[PDB]
Amino acid sequence: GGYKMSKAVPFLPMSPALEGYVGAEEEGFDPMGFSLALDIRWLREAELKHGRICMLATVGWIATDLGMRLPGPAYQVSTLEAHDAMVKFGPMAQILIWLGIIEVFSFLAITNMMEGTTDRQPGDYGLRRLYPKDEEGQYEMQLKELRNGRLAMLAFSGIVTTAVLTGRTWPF
Amino acid sequence: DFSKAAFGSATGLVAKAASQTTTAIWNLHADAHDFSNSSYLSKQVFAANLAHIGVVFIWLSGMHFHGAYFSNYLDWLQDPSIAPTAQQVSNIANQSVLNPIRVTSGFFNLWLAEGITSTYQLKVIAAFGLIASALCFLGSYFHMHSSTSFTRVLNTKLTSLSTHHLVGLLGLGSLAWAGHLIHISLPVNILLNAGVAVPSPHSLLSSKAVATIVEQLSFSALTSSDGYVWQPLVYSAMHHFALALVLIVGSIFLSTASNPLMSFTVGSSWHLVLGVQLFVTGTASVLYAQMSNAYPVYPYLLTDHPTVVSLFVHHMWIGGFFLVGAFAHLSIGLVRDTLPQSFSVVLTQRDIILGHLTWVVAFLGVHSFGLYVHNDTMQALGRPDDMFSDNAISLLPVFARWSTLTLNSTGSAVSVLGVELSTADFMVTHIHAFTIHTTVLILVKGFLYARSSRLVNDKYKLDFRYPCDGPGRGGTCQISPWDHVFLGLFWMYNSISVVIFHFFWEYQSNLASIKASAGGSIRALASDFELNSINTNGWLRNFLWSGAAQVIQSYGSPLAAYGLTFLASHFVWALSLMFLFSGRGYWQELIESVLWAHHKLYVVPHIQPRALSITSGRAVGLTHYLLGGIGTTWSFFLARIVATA
Amino acid sequence: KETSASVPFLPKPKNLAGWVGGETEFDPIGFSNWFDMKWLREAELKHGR
Amino acid sequence: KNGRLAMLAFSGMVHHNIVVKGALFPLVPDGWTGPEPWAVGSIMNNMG
Amino acid sequence: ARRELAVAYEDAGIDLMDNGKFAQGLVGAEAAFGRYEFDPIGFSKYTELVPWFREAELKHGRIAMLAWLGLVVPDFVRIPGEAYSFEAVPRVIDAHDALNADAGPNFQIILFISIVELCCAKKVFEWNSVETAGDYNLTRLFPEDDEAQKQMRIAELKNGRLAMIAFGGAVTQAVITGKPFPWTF
Amino acid sequence: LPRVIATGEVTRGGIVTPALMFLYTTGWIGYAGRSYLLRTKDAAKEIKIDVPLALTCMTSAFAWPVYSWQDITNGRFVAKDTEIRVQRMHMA
Amino acid sequence: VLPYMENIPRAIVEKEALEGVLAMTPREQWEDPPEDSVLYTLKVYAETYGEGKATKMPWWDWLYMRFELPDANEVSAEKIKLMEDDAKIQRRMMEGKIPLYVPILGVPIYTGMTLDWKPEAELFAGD
Amino acid sequence: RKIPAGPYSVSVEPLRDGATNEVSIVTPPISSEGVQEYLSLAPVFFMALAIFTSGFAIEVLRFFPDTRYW
Ligand code: CLA
Ligand code: CLA
Ligand SMILES: CC1=C(C/C=C(\C)CCC[C@H](C)CCC[C@H](C)CCCC(C)C)C(=O)c2ccccc2C1=O
Ligand code: SF4
């Protein structure tokens, strides 16, 4: 009759800030109501940035702990001490500089989408490529991106936690 | 929207041509925190308080960060006798001489009293301090922009506020600190004093550690628990537990149904609460300054003399400043209230109270400084037996030399604290009393002559801060309660400067006396303070000129920074003299000539150059005077006590 | 609405319309809106030369 | 386009000569094993 | 008449009126002989927070039921693993001060309870009425009709209160005695 | 202790080159400020700095020594004494 | 009394609390309380809540209202109105005879005697 | 706004009916134009200029200690 409920948390009404977004029509999981207090566009931007970063980080850890190593004597360090040896070596600051450039332009994207100067969607950066033309295909692809991002966030969290606890490669 | 309103004060400043002057900028700064009476005044006050709490949390996080990364805290743990340094100085310009700066804030002793043994713990505390500061900033934002009006907290919900502060904040904080002491600050100090390594602090909360290793509840433990660095923590834990119990019990056994702020407006109620709170905080700061060297509470604290001196002097200065601000805000609340009929008895005994205090101040000043000048004259005339000293006319403080009472199972503090007083102590204590009385005279006069006076009869129409009423009636400059606080700040500076001089000379005299050797047991007088602090010449020679050798011969040494700050403090203090002695009109005419020079070259600034207003000039002069004097004393004390101790 | 050809996630910068290299309309920060385009083009050409 | 390319290229040449501490053309000398870590202090050099 | 939660939330919030009944018509008095409208102190007079009181009572009863069961069962069978064996932790009350800290299990349980309680905090504050109270939409085997629903609600309430009191005297009966499931001396 | 030779000879530790460098830098500063005030004849733009225009003036004041002298000799630098607020209260 | 102070639910404010608020508020102050007065917030919550008006409110708004409204005892108890009446009678009397306090330990301690501070001959004489 | 709330408030009106599933973003409604205007203030702009000048002097002193090229 009313108060469209969260399909994930069935005892809490879905936050109206979730309407029109990818993960709302099937999950709608906002129990703490962050979207009620924070701008849902910013939250989606943060979620997708985290998901993409974690999806890169998970495969990076997989490669580094499987023996995939760049051809250099300085690069022959384990993943645990990788982000101390590479910090001292220099490339960590280099990656920081380039990601800082990319993130400054991402800041421009965010501070242009909020004022309406662009019709840019939160996670959108313009990379269509493997993007369906049909709207249903676009929605399903965005849902796949979000689910993979969340899964890899949790996966990388577990990977780093278990690797620090018990120093091993990855299957543990 | 909100960003637009962030510079809203500047937009209003430029909107009207009347506010396109530098005086408008100075007013914008002076009226920054002067939250005007409105429906959201209480929200503004509470949010500002929470923002200040966040700022203090930033400061604490920075201090713990310096302890973690830029301090020799571990080396100090291994050897408390070494110099505690917690501020690295990079090699820029030529400042490399002072690279390790001996910090005298007592953070090392505090952290040792907290059971902190690893710099990782300091890193964690710094991170949590940053988190707490972020939370405080979030809460301050929220309260300013989205929360309750808070207008009921001082009149309607004052019972709830007071009861919460009594039970929850104070009592529960004391109880939690007692638990922290008993559980991780006592055992860690035990295992450090015994040198038997320290486990993780959480492992002490195991119910299998010394908590149940032995159930004996007195001074008896493994091997020989005879550490006297540890007993002050035991006493502190007992004190906190007892204080929590008495606070919790008395809060529910107290009336608290008496709010004296019913008759005051919300703004005046806030100002009066701020005044009484400042009075309490200032007297608490002074009490702590006395008790820091009166009673040992931190591990290896008394051994670190620069830390003791710095704690005493800093807390004395803060107490004096807050005591002055107490009367400042009492005056603000009285003069800004529509019907402040509550102070009717004191506003009707205005002249009686003021004149009796005037006689008290006159009597104390003539007597104390006449004892000093009489000693100076007699010593100059070669009449040491006519002076006021132990070997002469003796002004023995008899009222000090008695605390005997029925025992009833007590000890220690049942006496004069094991210290004998002499004529010099009597005279300097009377000097302290006179200076305190004069500061109180100025502040009380500002409070009483705030709404009206025999000279100007409508001073309440002039608000709290005004330059004057005019050159009429012979001259009415400095009649405002603000100007009375302005003069009381100078007299507080004088009082606290004499107090810290007395403390520092007594401390150095005691250090020299205990450096008898061991065999030397007739200190006669010696006691350089007791023998020489009876003349103004005695002070000028054996304290100021004598101890200035450390601060003026500090060039090329790590105390060269203290020497440079000594010079800069003198410079700022003479600049204050510039601001205080001069007047606004002259500088306005000078600026007129300079502005003609500008206009001649088509420069023509539109924010018209105006010299500082009369009150602004007085405030700048007072700020520079306090900065210069306090900085001179700071550099002098720190150089003297670090080089020689 | 209109977006820059080079940076699809940013608005199309104005003042780049009639210019030699303006068809790619690359100006994320947007010095076009702040400064004279003639001076910016002169500076770019001089730097390149 | 040539101007932009040469601006970036000249910056690269200068900083290559900085990192290698040598001539531009003998790129990545024998036994390179990466550039030497940068000298002079920083906020992270004093354990920031 | 369970009033499916989606339409039940239409009357949520802090109700300011008074139903005129006992504690806002809550199920639970429902004693053996008649109705035991207990409320001796008078917390039910504070009518606006009566749904809050029901939520607190239901949460306490559920946590109790689980805790009494979870200090009865382990005295018979333990989880496979050396850290939970009958020799490593001789008594169930020792299980608290046996793992804790950096052993993992108890901290994980606390973490997950905190997460599930923070996620369901929007149910307690806001979205909480007289009818909803403790309804977390876990009905499933909640019988239909109306009197059957009342009987199951009163069964839950009586069992929860009984388990609260039982757990109290159980942790008490185990600290003063240190014995298996029958905690008699 | 090494000395500074302020005679005017171009020597090691002299004053002519530091004097020229400072004078150029501060003429740059003053001309940038004066240009901003001339192109922003408004107290609003004084309290609220027009950052593009301010930096335009700052980077454009590099030619101060020659532009200033051209304005001085062409009458656009100084102001006629009869057109500015000059002190004549004595009724001169 | 005023129409909006009629049949106010106990949830918004207690009956004793409402009576105390009215007792401590001047009669002419009603019908238009100042923004910073307790009666103004009590009025604002008196409408939009009760009888045919909105009978429910969100939990955060309930917390707001509870923070912004008195709770009868210890805040608007009859003893508090008695003390306020005593204080106003005191201030009325001091225009005349003044109670005698003495500052003991720096705090004025009431003695129990009331002075004749009013001059015998010249009312406005300062001596 | 019958409930007395401060100017520039992100607070919903506390006079609401039964629990509302509404979106009330507690974040300051700032503006990019407004932020740029604020950072262009004379205090902000000139303190940033002073910081830039001071840091430039710091770096010149670091990489060219003393006046070695006098
Ligand atoms: C709990 C402490 C506290 C609080 C909350 C307040 C709050 C207030 N005071 Mg107050 N005051 C206090 C303590 C306090 N005071 C004390 C202790 C004194 C005695 C010294 C005073 C003396 C005082 C006077 C005389 C006046 C106020 C006024 C005010 C009001 C406006 C303040 C303002 O706009 O300043 C804005 C902030 C500043 C001006 C800060 C500028 C920096 C100061 C001037 C010097 C700091 C120098 C610094 C320490 C050294 C620099 C470092 C060095 C190394 C270079 C406000 C209600 C004014 C008023 O009208 O009240 C209604 C007023 O006229 N106060
Ligand atoms: C105000 C502080 C002060 C005090 C207490 C003294 C005290 C003294 N000075 Mg001295 N002196 C002072 C300042 C002071 N000096 C200063 C500033 C100078 C520099 C000019 C000097 C220069 C000086 C010289 C050059 C000499 C002294 C000498 C003396 C001694 C004798 C003075 C004398 O004849 O008494 C006179 C006293 C009185 C006339 C009585 C006045 C006090 C009465 C008792 C007040 C009573 C009030 C009463 C209780 C009110 C209530 C009444 C009501 C109940 C009815 C005496 C110890 C002489 C000496 O060598 O002796 C050791 C001496 O030759 N003084
Ligand atoms: C000098 C003076 C002025 C003139 C003061 C003015 C015009 C204030 C402007 C001074 C500027 C703002 C100084 C800026 C700071 C200095 C450059 C020093 C700080 C920075 C250095 C340490 C590098 C008064 O207006 C005045 C008014 C009433 C009584 C006495 C006086 C008074 O003595
Ligand atoms: S000198 Fe200054 S403060 Fe004194 S009366 Fe004249 S104008 Fe007022």
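Figured I'd write up the structure that's included with this text. (Residues numbered from 1 in each chain as written, not as in the entry; some residues may be left out. Chains lettered and ligands numbered in written order. Part of a larger assembly, values for the part shown. Heavy atoms only, no water. Residues with missing side-chain atoms left out of burial classes, pairs and counts.)

## A short note on the overall build of chain G
Item 1. Counting its secondary structure elements, chain G contains four helices and three strands.
Item 2. Counting from the amino terminus, chain G carries its helices and strands in the arrangement α-α-β-α-α-β-β.
Item 3. Taken along its principal axes, the extent of the C-alpha atoms in chain G is 65 × 35 × 20 Å. (Helix = DSSP H or I, 4+ residues; strand = E, 2+ residues; numbered from the N terminus.)

## Here's the deal with the site of ligand 4
Item 1. Lining the immediate surroundings of ligand 4 are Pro467, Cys468, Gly470, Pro471, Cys477 and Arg618 of chain B.
Item 2. Across the shell around ligand 4, the residue classes tally to four nonpolar, one polar and one charged. (Near = heavy atom within 4 Å. Nonpolar A, V, L, I, M, F, W, Y, C, P; charged D, E, K, R; others polar.)

## Things to note about the pattern of salt bridges
Oppositely charged side chains are able to pair whenever their charged atoms sit close together.
Item 1. Evaluation of the coordinates by the stated rule reveals 48 salt bridges over all chains.
Item 2. Linking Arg44 of chain A and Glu47 of chain A is a salt bridge whose minimum nitrogen-to-oxygen distance equals 2.4 Å. One end of the pair, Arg44 of chain A, and the other, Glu47 of chain A, are both in helix α2 (residues 40-65), three residues apart, so they sit about a helical turn from each other.
Item 3. Residue classification places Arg44 of chain A among the buried positions, given a relative accessible area of 10%.
Item 4. What makes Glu47 of chain A partly exposed here is its relative accessible area of 22%.
Item 5. With a shortest N-O distance of 2.8 Å, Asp304 of chain B and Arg102 of chain B are connected by a salt bridge. Of this pair, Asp304 of chain B sits in the loop between α11 (266-294) and α12 (305-335) while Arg102 of chain B sits in strand β2 (residues 100-102); the two residues are 202 residues apart in sequence, bridging distant segments of the chain. Comparing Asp304 of chain B with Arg102 of chain B, the two get one shared label, buried.
Item 6. Put simply, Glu27, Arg44, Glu47, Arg147 and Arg150 of chain A are held in one network by salt bridges that share partners. (Salt bridge = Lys/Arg side-chain N within 4 Å of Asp/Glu carboxyl O. Buried < 20%, exposed > 50% of the residue type's maximum accessible area, 1.4 Å probe, protein only.)

## Re the site of ligand 1
Residue and element names in this part refer to chain B.
Item 1. Taken together, 19 residues sit near ligand 1, with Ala30, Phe321, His329, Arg465 and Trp482 positioned nearest.
Item 2. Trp482 places a polar side-chain atom, nitrogen or oxygen, 3.1 Å from an oxygen atom of ligand 1.
Item 3. Residues that form the shell around ligand 1 fall into these classes: ten nonpolar, six polar and three charged. (Polar contact = N/O pair within 3.5 Å; in protein donor to acceptor, adjacent residues only side chain to side chain.)

## Structural notes on the packing of aromatic side chains
Item 1. On inspection of all chains with the given rule, the structure shows 64 aromatic pairs over all chains.
Item 2. With a centroid separation of 5.8 Å and an interplanar angle of 55 degrees, the aromatic rings of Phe501 of chain B and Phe637 of chain B are classed as tilted. You can see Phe501 of chain B sitting in helix α16 (residues 481-514) and its partner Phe637 of chain B sitting in helix α21 (residues 614-643), a full 136 residues away along the chain.
Item 3. Through pairs of rings, three or more aromatic residues link up here, namely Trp317, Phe321, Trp482, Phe486, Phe490, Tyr493, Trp573 and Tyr625 of chain B.
Item 4. One cation-aromatic arrangement involves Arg120 of chain A over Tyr125 of chain A; the distance from NZ or CZ to the ring centre is 4.8 Å.
Item 5. Above the ring of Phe77 of chain F, the side-chain terminus of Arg34 of chain F is found at 4.1 Å from the ring centroid. (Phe/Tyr/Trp six-rings, centres within 6.5 Å; stacked < 30°, edge-to-face > 60°. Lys NZ or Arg CZ within 6 Å of the ring centre and 35° of its normal.)

## A short note on the pairing of strand β3 (residues 107-114) of chain G
All names here are of chain G.
Item 1. Across five bridges, the pairing between strand β2 (residues 99-104) and β3 is antiparallel. From the neighbouring strand, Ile104 faces β3, where its bridge partner is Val107.
Item 2. Between β2 and β3, which pair antiparallel in sequence order, lie two residues; one of them, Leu105, sits at a positive phi of approximately 60 degrees. (Pairing = 2+ DSSP bridges.)

## Section: a negative patch on the surface
Item 1. A surface patch of like charges, here negative, comprises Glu144, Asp145, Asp146 and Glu147 of chain E.
Item 2. The residue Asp145 of chain E is located in the loop between α5 (121-124) and α6 (147-175) in this model. (Patch = residues over 30% accessible without salt bridge, like charges linked within 9 Å, V, L, I, M, F, W, Y side chains within 5 Å. Areas by Shrake-Rupley, 256 points an atom, 1.4 Å probe, with all protein chains shown as cover. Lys, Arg positive; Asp, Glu negative; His and termini not counted. Charge placed at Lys NZ, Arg CZ, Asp CG, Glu CD.)

## Description of the layout of surface pockets
Item 1. Volume-wise, the second largest pocket comes out at about 2500 Å³.
Item 2. In this structure, the second largest pocket is lined by 48 residues; those nearest its centre are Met86, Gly90, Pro91, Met92 and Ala93 of chain A.
Item 3. Elements supplying a minimum of two residues to the lining of the second largest pocket: α2, α3 (79-89) and α4 (91-113) of chain A together with α1 (2-20) of chain D.
Item 4. Sort the elements by how many residues they give to the lining of the second largest pocket and α4 of chain A lands first, with ten residues.
Item 5. Class assignment for the residues of the lining of the second largest pocket results in 32 nonpolar, eleven polar and five charged. (1 Å grid on protein atoms, 1.4 Å probe; cavity = no way out; pocket = protein on both sides within 12 Å on 5 of 7 lines; lining within 4 Å. Points joined across faces, edges and corners; volume = space filled by probe spheres on them.)

## Looking at unusual backbone geometry
Item 1. A positive phi is found at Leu417 of chain B, a non-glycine position, where the angle reads about 70 degrees.
Item 2. Considering the arrangement of structural elements, one finds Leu417 of chain B in the loop between α14 (350-380) and α15 (423-448).
Item 3. Despite not being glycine, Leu105 of chain G has its phi angle at roughly 60 degrees, a positive value.
Item 4. Secondary-structure assignment places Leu105 of chain G in the loop between β2 and β3.
Item 5. Owing to a relative accessible area of 84%, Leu105 of chain G belongs among the exposed residues under this scheme.

## Considerations on the interface of chain B and chain F
Note on interface size: it is often stated as the accessible area lost on association of the parts.
Item 1. Listed as interface residues are 20 residues of chain B and, on the opposing side, 22 residues of chain F.
Item 2. Interface area lost by chain B to chain F is led by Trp596, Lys600 and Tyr602 of chain B, which between them contribute 35%.
Item 3. Applying the counting rule to chain B against chain F returns five residue pairs in polar contact.
Item 4. Secondary structure elements with two or more residues in the side of chain B that touches chain F: α2 (8-15) and α20 (584-600) of chain B.
Item 5. Broken down by element, the side of chain B that touches chain F gets its largest block of residues, six residues, from α20 of chain B. (Contact = heavy atoms within 4.5 Å. Buried area = accessible area lost by both parts, 1.4 Å probe.)

## Observations regarding the packing of α16 of chain B against helix α18 (residues 536-552) of chain B
All names here are of chain B.
Item 1. For the pair α16 and α18, interaxial distance at closest approach is 11 Å and the crossing angle is 65 degrees. Judged on the interaxial angle alone, α18 and α16 are roughly perpendicular. Of the two possible hands of crossing, α16 and α18 adopt the one that is left-handed. For the pair α16 and α18, the contacting residues are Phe501, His502, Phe504, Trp505 and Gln508 in the first and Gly538, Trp539, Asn542, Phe543 and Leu544 in the second.
Item 2. Tallied by class, residues from the contact of α16 with α18 come to six nonpolar, four polar and no charged. (Axes fitted to C-alpha atoms, helices over the stretch in contact; angles between N-to-C directions. Parallel < 35°, antiparallel > 145°, perpendicular 65-115°, else oblique. Left-handed = near helix turned anticlockwise from the far one by under 90°.)

## Regarding the environment of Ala221 of chain B
Item 1. Checked against the element boundaries, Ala221 of chain B lands in the loop between α9 (210-213) and α10 (231-252).
Item 2. Separated by 109 residues in sequence, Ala221 of chain B and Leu112 of chain B have C-alpha atoms that sit 21 Å apart.

## A short note on a nonpolar patch on the surface
Item 1. A cluster of nonpolar side chains, contributed by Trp38 and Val40 of chain D together with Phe52, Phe56, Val60, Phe63, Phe64 and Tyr69 of chain H, occupies part of the molecular surface with about 1000 Å² of accessible area.
Item 2. Of note, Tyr69 of chain H is situated in the segment after α2 (42-63).

## Considerations on the packing of helix α1 (residues 16-39) of chain F against helix α4 (residues 64-74) of chain F
Helix-helix packing: each pair is described by the crossing angle between the helix axes and the interaxial distance.
All names here are of chain F.
Item 1. Packing of α1 against α4 brings their axes to within 9 Å, and their N-to-C directions diverge by 55 degrees. As the angle between them shows, α1 and α4 are arranged oblique. Seen from above, α1 lies across α4 with left-handed handedness. Contacts from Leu23, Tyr24, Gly27, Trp28, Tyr31 and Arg34 in α1 reach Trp64, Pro65, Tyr67, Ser68 and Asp71 in α4.

## Looking at the interface of chain H and chain F
Item 1. Counting residues at the interface gives nine residues for chain H, matched by 13 residues for chain F.
Item 2. Interface of chain H and chain F: buried area, both sides summed, is about 910 Å²; carbon and sulfur atoms make up 68% of it.
Item 3. Considering only the surface of chain H that becomes buried against chain F, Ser40, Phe45 and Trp70 of chain H emerge as the three largest contributors, covering 61% of it.
Item 4. Linking chain H to chain F there are one salt bridge.
Item 5. The residue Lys48 of chain F makes a salt bridge to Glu37 of chain H at a minimum N-O spacing of 2.6 Å.
Item 6. The tally of links between chain H and chain F comes to seven residue pairs in polar contact.
Item 7. No other element matches α2 of chain H, which puts four residues into the side of chain H that touches chain F.
Item 8. Considering only residue class, the side of chain H that touches chain F consists of six nonpolar, one polar and two charged.

## A closer look at the environment of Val234 of chain B
Residue and element names in this part refer to chain B.
Item 1. Along the chain, the position of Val234 falls in helix α10.
Item 2. Judged by relative accessible area, which is 11%, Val234 ranks as buried.
Item 3. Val234 sits 25 residues away from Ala209 along the chain, and the two C-alpha atoms are 18 Å apart.
Item 4. Not counting the four nearest positions on each side in its chain, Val234 is found in contact with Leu186 and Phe219.

## Concerning the arrangement of the chains
Item 1. Between all 17 pairs of chains that are in contact, chains B and F come out with the most contacts.
Item 2. Between chain E and chain F there is no contact, and the shortest C-alpha to C-alpha distance separating them is 46 Å.
Item 3. As for chain G relative to chain D, no contact occurs, and the smallest C-alpha gap between them is 43 Å.

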